[PDB]
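Okay, so here's the structure we're looking at.
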Amino acid sequence: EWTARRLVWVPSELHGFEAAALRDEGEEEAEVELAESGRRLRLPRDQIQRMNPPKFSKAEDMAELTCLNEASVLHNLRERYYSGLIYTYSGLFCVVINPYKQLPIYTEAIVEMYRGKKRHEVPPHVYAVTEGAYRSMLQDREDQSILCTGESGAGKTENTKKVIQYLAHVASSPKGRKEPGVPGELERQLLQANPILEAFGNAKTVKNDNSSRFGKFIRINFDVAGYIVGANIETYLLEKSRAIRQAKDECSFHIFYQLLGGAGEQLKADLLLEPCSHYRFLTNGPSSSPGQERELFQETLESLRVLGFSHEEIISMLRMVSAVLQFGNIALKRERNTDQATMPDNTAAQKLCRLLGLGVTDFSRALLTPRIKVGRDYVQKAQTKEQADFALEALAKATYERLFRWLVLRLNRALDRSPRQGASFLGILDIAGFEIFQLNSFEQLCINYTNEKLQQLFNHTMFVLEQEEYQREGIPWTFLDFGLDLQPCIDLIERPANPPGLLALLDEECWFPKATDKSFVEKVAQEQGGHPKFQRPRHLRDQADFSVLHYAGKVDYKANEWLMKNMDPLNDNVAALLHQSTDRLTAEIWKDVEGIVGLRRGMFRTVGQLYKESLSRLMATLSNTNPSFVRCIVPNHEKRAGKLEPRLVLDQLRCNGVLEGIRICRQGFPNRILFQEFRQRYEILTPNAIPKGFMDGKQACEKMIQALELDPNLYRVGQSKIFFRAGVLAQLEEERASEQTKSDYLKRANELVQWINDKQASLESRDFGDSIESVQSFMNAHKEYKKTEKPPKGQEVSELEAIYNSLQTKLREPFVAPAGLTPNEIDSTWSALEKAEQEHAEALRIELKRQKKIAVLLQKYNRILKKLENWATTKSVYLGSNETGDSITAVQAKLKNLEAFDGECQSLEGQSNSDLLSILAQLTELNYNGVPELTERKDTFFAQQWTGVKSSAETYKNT
Ligand SMILES: [Mg+2]
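Count along the sequence shown starting at 1, add 245, and that's the number in my numbering.
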């Protein structure tokens, strides 16, 4: 139905791309109707871009879209952004758009939600990127790097702080978090290090209010247990000229403002601070935003306190800040009849010397008439007002720079600790972004060159390294050219020789005795005029010296003071004095003196040379890391929230190579696995694929693939690993987890049935033992079994029933079907176990009744016989015959009553037969009858001892 709408994207000048209903189609032309206005339009068919259906709305990973083109990528980012979803994946990398407002997406609860989660399990975020790199380092034991690309004010710095916040939270050891909830020393410091560098190295530019005027690479060192043990900070190229002058609507470093607006009456007194309008070096007067400085100053002071800094350390730094400023209040003039620089007012040099721990005279003579060394002697030379004013500015810039250098060294002293970093680190690159101002100088050339190099590092990692790895593994692959290669520009700028580049042309020019900024411009237009990335200025148009076609745009360069900013000259006389300074800080910062003194090319490294050398060191360090890219995008040029500018976002996506990176992810194989890891990981999926001992990686994987019946186009067997298309491993991990649960359920449910069927057979045997003590034992056992063995099993019935329903719902393809082991049939056999339990205990009660009915009948029987045995044997006293006359007749009278003994024989035989009658009706041990009958035969015998004593008593008597 959605497809019947015939919806397509067409180019739009205002909106970039806009929805249109495809009205009709030709081989050349196409007619569309705009969705918004209903306007009909005829346009060439090529310009039409296929649109994704609404199920792809606010898609997390763009590499999943059916139709991948500029218009859909733009629309997916725009829809996500206007929902407050600033992060989006694009194949192996992440895209972020700066909102320009506070968003509730960086809390401690959101940090916890990312921990131990897979990239697809959680929405796109900087935390997931951080987590991925952190987990990759922990598993592969490899050094990782997170690289934030982006132009000025895109969000690199803000994102960098979020990486640090994630790692400091999730990767702090039990040491440094002795007590839960309380961050320890290392965590607190690690997080207070960036605000400190931002106070001394950030400034408001037209592009960003908190612009980083230096680059930084931060290394976080971890222990073999994956816990943070230290951090190291590398800074690159501070824009030290911002200390002396700033352009329209721009400010100097923030610290300058925080100190002047935020200090107390006594701190203004002890550091000799003056109002803002009084400083020459603060080009645009008073702070753009005042009052808030008291607050920001106090925060900088507190951060410095969190770091190791002592009160004398902090005071010494602020005194150096005031000293950099005071250099600019020295009003030099010329002489009335000579160009010699004079100092008619010495109040500012009095103040400057007090703050720098020097001698006023020494300073003045060294600044105004510096002594130069030549041929084993010293020559005092005069300086003009310009020469001397330049020296002042060079000294104030060199002092701010050295203060910053010391600041970094100190943070590394606090932060850098425990070198037992466990063969790993996580590098976070935060370089100064690509920038275009009204005037682009040497500083801009240096920043833009570094942005060019990072973009090329993305090109090399995504398209060169990717494809070279396929060639190296013998995979069927034809090289794809995405047209992303920055060699022409990078080379024009940095090539040292053969045709030398701009930086090398600058180096040679400066070391020339008569060279001038103008002659450099002439040399560079002559030598480089024909390069496709260099452009000479056009007459009546470009006020600039030359243009460079950077990847992110054409930038016009004014070479004003480039020979000097590259050669970086300083007064030898003043530098020596600062080295011999009374003050501890000044002397410490000024302790290294190796620079160009007043004076083949030479033996001194230029700023260009030194920065090229430092960037190459950073590149070689990054080359031995597994990088993760974060492409920061600025929505608009107005610092406005909720205002995405399509044409600005499109340019950025274009120079960044965002679509090409996504395409190399869909067209290539982004996931690779070693043969040993594949076999080990997915052997539950192919139980009978590999036989016995195979002793081989490539073939063992080849048999498993064959057994899995995987699509040929979803994988490629290489020389050491298997390459897969995106999402193939993620689905095998779910299939393996499915089989793991299926195997565990099948094992337990088979053991449960084996147990309940064995106990059922023990409950229905009907053989208790014929003893009351045996029938008691069966009752004692069953009652314990009901409250010892039963409960755990009953619980296993409820546990497996839950597991089965959870594994059923989990299958998002074929549902598990097992035999006789369904949870419903587990219930039906357990109900039969309980039905056997009731019928066992009841048969035990009936048995107990009967067994005790038999014991009563036996004791009644044995008591009767015992009395019979006793009476008949006590009757043995019949033997005595010792009597006289008159005793026999009395005995014969007592023998008559004794014939009432049959009265016993009537009752006893009547009782025994009744006992034995009751017995028969139940159970039988009738050996008894033989017993009583023999006692009846023994009773007859004594019945002969009746007549045996009657006849023996019979005597002759009466004679
Ligand atoms: Mg920044």
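In this text, a Cβ means the ideal position worked out from N, Cα and C, and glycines have one as well.
task: Determine the direct distance from the alpha carbon of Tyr856 to that of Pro758, and round the result to whole angstroms.
output: 24 Å
query: When we look at the beta-carbon of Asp1012 and count the other beta-carbons within 10 Å, is it buried (16 or more) or exposed?
result: exposed
- prompt: Looking only at its own chain, which residues have a Cβ that is under 7 Å from the Cβ of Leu699, when we skip the five neighbours before and after it?
  reply: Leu392, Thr394, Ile676
- prompt: Any idea if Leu637 is buried or exposed, counting beta-carbon neighbours within 10 angstroms, 16 or more meaning buried?
  reply: buried
task: Please name the residue or residues paired with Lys578 in a DSSP beta bridge.
output: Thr587
- request: Pull up the distance between the alpha-carbon of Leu570 and that of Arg323, whole angstroms please.
  value: 46 Å
- request: State the start and end residues of the unbroken alpha helix (DSSP H) segment that holds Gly1130.
  value: Taken as a continuous stretch (DSSP letters only), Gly1130 belongs to no alpha helix (DSSP H), as it is neither H nor E.
message: How far does the beta strand (DSSP E) with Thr333 in it extend, from its first residue to its last?
response: 332-335
field: Separation of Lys1032 from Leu997, as counted between CA atoms
entry: 17 Å
- request: Answer yes if the stretch 433-451 comes into contact with the stretch 371-385, meaning at least three C-beta pairs across the two stretches below 8 Å, and no otherwise.
  value: no
message: In the DSSP output, which residue or residues are listed as bridge partners for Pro891?
response: DSSP, once it has assigned bridges, lists no residue as partnering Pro891.
message: Pull the bridge partners of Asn477 from the DSSP assignment, please.
response: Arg464
- request: Identify, in the order they occur along the chain, each residue of the same chain with its Cβ nearer than 8 Å to the Cβ of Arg862, setting aside the five sequence neighbours on each side.
  value: none
query: Cβ atoms of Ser567 and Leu601: under 8 Å apart, would you say?
result: no
- request: Would you kindly check if the distance between the Cβ of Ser497 and the Cβ of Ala448 is under 8 Å?
  value: yes
Cβ-based burial, residue 210 [other Cβ within 10 Å; buried from 16]: Summary: the structure shown does not reach residue 210, with the chain confined to residues 246 through 1204, and so no result is reported for it.
message: Three Cβ pairs or more, each shorter than 8 Å: is that satisfied between the stretch 322-339 and the stretch 1001-1020?
response: no
- prompt: Should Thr761 be labelled buried (16 or more other beta-carbon atoms within 10 Å of its own) or exposed?
  reply: exposed
task: Go to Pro1037, then tell me how far its alpha helix (DSSP H) extends in each direction, as first and last residue.
output: 1035-1055
- request: Flag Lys452 as yes when its Cβ comes closer than 7 Å to any non-hydrogen atom of ligand 1, and as no otherwise.
  value: no
field: Per-residue burial, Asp989 [other beta carbons within 10 Å of its own, 16 or more giving buried]
entry: exposed
field: CB contact flag (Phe914, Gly667, <8 Å)
entry: no
field: Exposure label - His370; buried when at least 16 CB within 10 Å
entry: buried
task: Report all residues for which the CB-ligand distance to some heavy atom of ligand 1 is below 5 Å; order them along the chain.
output: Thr402, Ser457
- prompt: Taking the beta strand (DSSP E) that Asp675 falls in, what are its first and last residues?
  reply: 670-675
query: Over what stretch of residues does the alpha helix (DSSP H) that includes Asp622 continue unbroken?
result: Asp622 -> not in any alpha helix (DSSP H); beta strand (DSSP E) instead, spanning 622-625.
query: By Cβ distance, which residues of its chain are closer than 7 Å to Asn685, with the 5 residues on each side in sequence left out?
result: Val800, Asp801, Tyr802, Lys803
query: Taking just the CA atoms, how far does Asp956 sit from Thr723?
result: 20 Å
task: Answer yes if the stretch 813-824 comes into contact with the stretch 839-853, meaning at least three C-beta pairs across the two stretches below 8 Å, and no otherwise.
output: yes
query: Three-state secondary structure (DSSP) at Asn447?
result: strand
- request: Look at the alpha carbon of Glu890 and the alpha carbon of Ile331, and state the distance between them as a whole number of angstroms.
  value: 15 Å
query: When the distance is taken between beta carbons, is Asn657 closer than 8 Å to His795?
result: no
query: Which word fits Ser457, buried or exposed, when buried means at least 16 other C-beta atoms lie within 10 angstroms of its C-beta?
result: buried
query: Rounded to the nearest angstrom, how far is the Cβ of residue 187 from that of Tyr472, given a contact under 8 Å?
result: Nothing about residue 187 can be reported from this structure: the residues present for the chain run from 246 to 1204 only.
query: Mind checking whether the beta-carbon of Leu702 lies closer than 7 Å to any heavy atom of ligand 2?
result: By its list of ligands, the structure shown excludes ligand 2, since it contains just ligand 1.
field: Which of helix, strand or coil DSSP assigns to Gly1193
entry: helix
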